[PDB]
Amino acid sequence: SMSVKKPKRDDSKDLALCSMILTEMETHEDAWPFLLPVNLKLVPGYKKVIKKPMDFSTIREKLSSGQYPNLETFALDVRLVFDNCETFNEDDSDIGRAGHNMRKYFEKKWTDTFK
């Protein structure tokens with residue numbers, strides 16, 4: 001509360017560390033469904049159904065332009081990519097399985113880097 005603060009966690013490397021994790025996600029072989037925005041002109045249903053589209057390139061732009069106020073807002077966008085994936089794709093599909101793999105891969109990097 002006012003004048004009552006927990007000890008200060010050093011947040012000065014977070015920007016760089018998030019950037020590294022995003023690079024590791026981008027180079028994973030199952031990243032291909034997620035690298036660029038879904039094409040809203042060419043994928044019927046996606047615009048109407050997915051209210052908040054998100055992808056790795058869009059995450060990169062936001063990060064590199066100071067649009068994440070903290071590391072949790074970054075994690076939320078990453079998870080949104082996989083939540084969107086799950087909404088639109090059958091679990092029993094290549095893209096569905098890609099999303100599951102990538103989510104797990106991310107959550108490990110995240111825990112190991114910060115928790």
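Annotations
- Qualifying residue in the stretch 72-90 (condition: under 19 Å from residue 111 (Cβ atoms), assigned to a helix (DSSP H, G or I), free of Cβ contacts under 8 Å to residues at least 12 places away in the same chain and hydrophobic (A, V, I, L, M, F, W, C)): yes
- Residues (loosely packed, with under 10 Cβ neighbours inside 10 Å, under 23 Å from residue 77 (Cβ atoms) and either of a type in the set (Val, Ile, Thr) or in contact with a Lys or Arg (Cβ under 6 Å, 6 or more places away or on another chain) (or both)) located in the stretch 1-28: 27
- For the stretch 82-115, taking the residues that are surrounded by 12 or more Cβ atoms within 10 Å (Cβ to Cβ) and touching a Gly at 6+ places or on another chain (Cβ under 8 Å), the one that is nearest to residue 13 (Cα to Cα) is identified as 82.
- Filtered residue count, the stretch 23-52, keeping only those that are assigned to a helix (DSSP H, G or I) and farther than 17 Å from residue 83 by Cβ: 4
- Single condition residue 60 does not satisfy, out of (1) in contact with an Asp or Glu (Cβ under 9 Å, 6 or more places away or on another chain); (2) not in a helix (DSSP H, G or I): (2)
- Residue in the stretch 99-111 that is assigned to a loop (DSSP other than H, G, I, E, B), under 24 Å from residue 17 (Cα atoms) and either in contact with a helix residue (DSSP H, G or I) (Cβ under 6 Å, 6 or more places away or on another chain) or not aromatic (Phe, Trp, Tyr) (or both) present: no
- Per-region count, the stretch 31-59, residues of a type outside the set (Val, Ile, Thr), farther than 21 Å from residue 76 by Cβ and surrounded by 10 or more Cβ atoms within 10 Å (Cβ to Cβ): 3
Neighbour counts are summed over all protein chains in view; Cβ atoms, including those assigned to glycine, are modelled from backbone coordinates with ideal geometry. None of the figures in this text is laboratory data; all of them are computed from the coordinates on show.
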